[PDB]
Amino acid sequence: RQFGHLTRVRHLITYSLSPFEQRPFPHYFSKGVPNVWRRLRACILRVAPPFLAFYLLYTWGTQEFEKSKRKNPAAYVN
Amino acid sequence: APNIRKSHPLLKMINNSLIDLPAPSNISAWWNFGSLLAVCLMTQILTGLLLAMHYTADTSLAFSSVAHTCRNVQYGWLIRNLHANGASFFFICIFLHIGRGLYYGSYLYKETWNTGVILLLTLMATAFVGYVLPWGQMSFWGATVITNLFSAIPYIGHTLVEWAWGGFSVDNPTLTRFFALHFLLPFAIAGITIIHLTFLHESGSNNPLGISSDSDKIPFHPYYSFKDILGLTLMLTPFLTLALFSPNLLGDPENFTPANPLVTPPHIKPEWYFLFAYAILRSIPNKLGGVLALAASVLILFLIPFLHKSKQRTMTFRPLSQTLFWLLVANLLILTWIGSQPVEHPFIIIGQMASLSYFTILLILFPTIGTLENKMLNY
Amino acid sequence: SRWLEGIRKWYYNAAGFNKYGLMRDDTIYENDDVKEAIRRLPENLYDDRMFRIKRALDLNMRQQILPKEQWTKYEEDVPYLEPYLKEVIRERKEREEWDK
Amino acid sequence: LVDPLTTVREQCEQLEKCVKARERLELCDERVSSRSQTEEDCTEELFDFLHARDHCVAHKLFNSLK
Amino acid sequence: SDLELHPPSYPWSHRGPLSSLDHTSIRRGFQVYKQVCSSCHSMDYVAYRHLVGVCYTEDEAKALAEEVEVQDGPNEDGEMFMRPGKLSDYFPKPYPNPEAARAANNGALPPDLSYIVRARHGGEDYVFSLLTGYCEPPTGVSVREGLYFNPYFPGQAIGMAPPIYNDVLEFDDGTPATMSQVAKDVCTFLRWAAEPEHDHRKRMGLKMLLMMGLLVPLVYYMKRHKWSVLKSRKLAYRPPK
Amino acid sequence: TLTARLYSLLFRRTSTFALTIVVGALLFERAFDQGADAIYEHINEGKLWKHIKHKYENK
Amino acid sequence: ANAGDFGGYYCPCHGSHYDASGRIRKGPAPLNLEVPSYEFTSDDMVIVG
Ligand code: HEM
Ligand code: HEM
Ligand code: HEM
Ligand SMILES: CCCCC[C@H]1C(=O)O[C@@H](C)[C@H](NC(=O)c2cccc(NC=O)c2O)C(=O)O[C@H](C)[C@@H]1OC(=O)CC(C)C
Ligand SMILES: C/C=C(C)/C=C/C=C/[C@H](C)[C@H](C)[C@H](C)[C@H](C)CCc1oc2c(O)c(OC)cc(OC)c2c(=O)c1C
Ligand code: FES
């Protein structure tokens, strides 16, 4: 698929400025950073949970293993 | 045509896949993975082609040769380092690329997706060989299992192997004939990749919302070309960082000890980018089962397209399956850990467990949480 | 005990596709049926949908969304295509059955 | 000539942890060499010590070495 | 019992992603290898050639390699014959073959120390520990005839007797040749030995990092510069009514 | 005014631009290296062979 | 040899445990170790093959 045969688009006025007449930098601290958080806080509660869960299952798993290695002071009290 | 950029049989292709290509306006980094995958294919083919300039495929010389290729050839060491790591940056990108595709149902572009699998498979295949090449303790013993791994296939198996590799035991022949495959294969990946993109272009690139983009679509060049060059340097810095600061960081050292056909190292941990399926394999006690599990462990990607039920494409509006997704991505990062872990109760079970959620999450959970979410919309 | 009604409302805001400001139907992946459905759409609603999608894309492409105000409210979501799409489907299912 | 190691292992062998360990060991040692038939081994206990000892052995040893 | 002890980390002079190897230390590291390990431990991938410019001088290494005779090519009458070790020879093998060595070291096979540092997890940290770290097996534990307890080694029973004690040699530079000390120097060597590129490789890494630093932003601007056309942009739907 | 002077003279003509990339690279190289090399070496005083080369060449 | 939960053998590749007879007891291994053709020629002699 090429250009000019994509969609029947009617009534959409778009205005954009040359990159040299605008600033790429952009508006960090205004809209910039804000939205970043707007997202960390949006999906944090949807991504992190499982990873967190793994972690536990990792630690638990490891400790226990590292434990099942140490002797039961009472495997021979005699 | 006064154009030329379109009137030249060759020249058009370019100004038709790098310039003038309609791409969705809205596209996350998860779309670079692929252009990167290429750069790997290159970095691999370039470096390896160059590393082969010094390799000497033959038991008695194989190991050393590489060492020589490092210590003796100017920057030969750098070449190697870069290569072994490209391997990873390669699997990383591939592993992410598959991610993205999975969670935007890019797997709906079926063919472009199916080909993709092939690539994976092959990339897994080619990377298997090559690692044999340096003929280290690992190289050898990996050769012996992975190969022998086809033992399972009845009738045609025991035989297919005593052929897979040289004669009747991983020995010199198997090595030379592997080098060949390795030297060859990458070029297949390259070809298929072409076939991959072809199928793609047939259907524009996806896009994160999973809804038509004809409404927007920007000229690949001005935009995405840069975007790639950028992502190039981004996920180039790590890969390089490794290769110049802690090369063997990902590389098992056990493989630094030349092969010994007589002693497989206590603690044989396969390459990281392989562990998951590895785990799956050992947590299903039965030669065949073991293998089978594995078989599907990767050969399941082929079914994802059929295990799609959401009335919507991507799943950015499917918070439910969405977390199920990460439950998967993590369930994978798990299998991995459990793979780099010896076999004892603390693990093992964890293993076969995740190595169960894996399947289910795919074969069952997804499609269920799928239709379900549609009904939570009256669909 | 727990209203499917009460639930749908959940999922709706949960999917949060209205944060981009586009109706449910503005999302349904475009398969053979939908295409025919949408191709049956009155030109009014079509151009409407278009823009909503282009706007959606434009947002998405900027990583930013629509002011809390402009989000569309669950009860006010207009199933502009469900009706056509349905006829379509049954039209098909009617044909598919007849060809046997 | 004196090995900065042995000197630094002297100090270190005194850190709270070493002691709380060196002790834990000393017991086990004479707890196993006191019986005729026992499968116990004081390796574990031995490590815990070492593990702790050498750990600071390291935090300082290389300071006196050229 | 798959029970083992993991080696503590020593702040090696070359640990830093930006810190080279103390070449002085390697020089000694070399000597300790030459004078005490190169009688059991083969090191096939290096050669005096290297030492030149890295810790020794051309003339230094040359006369250094003279120090050994090597079996070399056929006569006219075709017969191996010995002759002064040139500059290009590889460090001498102590045994004609492994099983020969095994019959010299109480049935054990002293592994070649070319890539030792990176063949054993822990590298120097391990190796160092291993050397400076033998001791009486705790109770209940008994090492058999010919082996020597060393907690850090898997099995805790090694076939290598503590090969390093105070004074075993005398670093001609005037360095307290204490065990700890020498054992350090051997390890820093074993490292370079395992990867001569070290420095060259990190320096490189340095620059590589300054380019990323410089390049990525540049292209980032460029990426944004170019996209602003879109980032900026604004829509609007104006039907007639 | 640098930037303006630059554009007009250096970045305007695609012919020129390139020309400064080249002559510039030559300068960037020479300078980046010496700088890098120094930064590096200095962070390793008395450890490099360049630094001990002298106990058989003094210092 | 001399490792595992069956006092015989253990294969670090996938966790197959063998008994001192060379039989597989635990794990994914499928058949017991191979027993070559052999015989003893005297009090201290053993010939394999
Ligand atoms: C010289 C300073 C020196 C070093 C250094 C050293 C190190 C070393 C390593 C790291 C290993 C073992 C690693 C492993 O886990 O297997 C090793 C092994 C053996 N060595 Fe050694 N050794 C040094 C010197 C010497 C000397 C002079 C002798 C011979 C008297 C010697 C011997 C051996 C042997 C035998 C082993 C075998 C270990 C085993 O299989 O149990 N070493 N050495
Ligand atoms: C598709 C990408 C490629 C993959 C996945 C890949 C991967 C590998 C891997 C992982 C090894 C082992 C490296 C190690 O010891 O750590 C390897 C070795 C090698 N590869 Fe590749 N390789 C690829 C392409 C190539 C190409 C195109 C060639 C040349 C035709 C090549 C030639 C070699 C050589 C010379 C070795 C041996 C030396 C060495 O072990 O480093 N590789 N390759
Ligand atoms: C051989 C290496 C591969 C390369 C170099 C490659 C290249 C590409 C490229 C560049 C695209 C364009 C869009 C994007 O970057 O995401 C693409 C798309 C895609 N590739 Fe790959 N790919 C490779 C492997 C794979 C693999 C292993 C899969 C298999 C799961 C795959 C699945 C896809 C999918 C689903 C798309 C289409 C949907 C979309 O782009 O959104 N690719 N691939
Ligand atoms: C003579 C040179 C001809 C150019 C060939 C080269 C060409 O397809 O270059 C791009 C378009 C290709 N990726 C994309 O187009 C692309 C598509 C959607 C989004 C993004 N960006 C994300 O934001 C892309 O980057 C990228 O994946 O490389 C392929 C795959 C191919 O090259 C490979 O065969 C080379 C292998 C075979 C060695
Ligand atoms: C020449 C090519 C041939 C014969 C075909 C081979 C096929 C290759 C396939 C795709 C590759 C191994 C896949 C990643 C499979 C599914 C994963 C399994 C896998 O399993 C291993 C394993 O069980 C090991 O036990 C001790 C050791 C290993 O390495 C030391 C590996 C290993 O490296 C891989 C990776
Ligand atoms: S190789 Fe023995 S457990 Fe598989």
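We number chain D the way Swiss-Prot does; in order, the residues shown are 26-91.
This deposition comes from X-ray crystallography, 3.7 Å.
From the backbone N, Cα and C atoms, a Cβ is placed for every residue, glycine too.
Here the Cβ of D:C81 (disulfide bond) has 19 other Cβ atoms within 10 Å, regardless of which shown protein chain they belong to. Annotation comment: Swiss-Prot describes D:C37-D:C81 (among others) as disulfide bond.
Around D:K42 (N6-acetyllysine), the C-beta neighbours below 8 angstroms that are at least 6 residues distant in the chain are D:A77. DSSP gives D:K42 (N6-acetyllysine) a helix state. What Swiss-Prot records for D:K42 (among others) is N6-acetyllysine, and it gives similarity to another entry as the kind of evidence.
For the recorded site, D:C67 (disulfide bond), the DSSP three-state label reads coil. Here D:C67 (disulfide bond) comes close to D:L50, D:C53, D:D54, D:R56, D:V57: these same-chain residues lie at least six apart in sequence, with C-beta atoms under 8 angstroms from its C-beta. Annotation comment: Swiss-Prot describes D:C53-D:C67 (among others) as disulfide bond.
Taken from Swiss-Prot, the feature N6-acetyllysine covers D:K85 (among others), and the record attributes it to similarity to another entry. In this view, D:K85 (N6-acetyllysine) is surrounded by 15 other Cβ atoms within 10 Å of its Cβ, with every protein chain counted.
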In three-state terms from DSSP, label D:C37 (disulfide bond) for me.
helix
Cα separation, D:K85 (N6-acetyllysine) to D:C37 (disulfide bond) (Å, whole number):
9
Count the other Cβ atoms sitting within 10 Å of the Cβ of D:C53 (disulfide bond), across every protein chain shown.
22
